[PDB]
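Shown next as structure tokens: one chain only, the form deposited in one PDB entry.
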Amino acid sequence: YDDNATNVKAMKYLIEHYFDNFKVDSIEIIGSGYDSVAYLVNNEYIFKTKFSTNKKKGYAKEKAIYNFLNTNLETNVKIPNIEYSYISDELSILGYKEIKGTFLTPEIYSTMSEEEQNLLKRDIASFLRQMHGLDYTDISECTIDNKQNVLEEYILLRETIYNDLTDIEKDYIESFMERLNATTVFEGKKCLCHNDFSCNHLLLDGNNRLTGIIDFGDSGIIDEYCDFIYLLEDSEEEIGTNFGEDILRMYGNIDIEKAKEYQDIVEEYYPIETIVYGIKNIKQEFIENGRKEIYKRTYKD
């Protein structure tokens, strides 16, 4: 919070300016990202906002995805439904009715009965099955090639800071690139994926059932494996590897060992992704964090 509550005031002003008949009675910051801030307005609406950003056309795609899904999905699981939007280079805002519920965490999962956990898993698999099964023709432009993206990111590294890196850093990168070249995990089914499908985006109702999913801001047509990456993740923020496995078995018709290889490859990539983000957005701290993380990983066992 600020002394002038300046942030909330500016955003109040912008919301009321751009959405002619919209009246802000209350407004608080409910989240923030790398270059975004999310607000809860009138205890009822979520407004996601961003100023000038490296990924332009970002809130436009995300909007198009919400519209495609609200038209085409048949599910009881809620997702954002965009009522207000303002999109420009210098400012983008998306407003939708807040989905009510509690975000899944490791702690909450641990308190659930075995059966509750099973049902949650079933609900997740069933949603992913339905989304991955959609004919995505009407959003065929929202395509993401991860391998190619990584190859282009590697070139950017080589054109920028690569020569200043340590040998240890270089070896980490090259060793990953060799793995990227040898793997077959990009050669499988492509489909519409959420693509940031981690438990901080999953909402539970009062019966610990899946009631909503948020933040399709990275969604697109991509490898089917993508949506299992965080479900398979072993970390403090995610539930655990067995959670993802079970979900994969419920989901069915998918090579689990390849999903894991996909996840493991993306995990290996994370510090490099972090470096790249720092380069592209001119934020040194990200470059430094990624490089340090390479050393932590190098010295792990």
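Sequential numbering from 1, following the sequence displayed. Superpose the two forms; the largest set of C-alphas matching within 1.5 Å is the rigid core.
This protein has a second form, the form deposited in another entry, left out of what is shown; the following refers to that one.
Rigid core fitted, then: does residue 53 show a CA shift of 2 angstroms or greater between this form and the one not shown?
-> Yes; that C-alpha moves by at least 2 Å between this form and the one not shown.
Residue 261: with the rigid core matched between this form and the one not shown, does its Cα shift 2 Å or more?
-> Where the cores coincide, residue 261 shows only a C-alpha shift between this form and the one not shown that is less than 2 Å.
Superpose on the rigid core, then tell me if the C-alpha of residue 270 is displaced by 2 angstroms or more between this form and the one not shown.
-> No; residue 270 is a residue whose C-alpha shifts by less than 2 Å between this form and the one not shown when the cores are overlaid.
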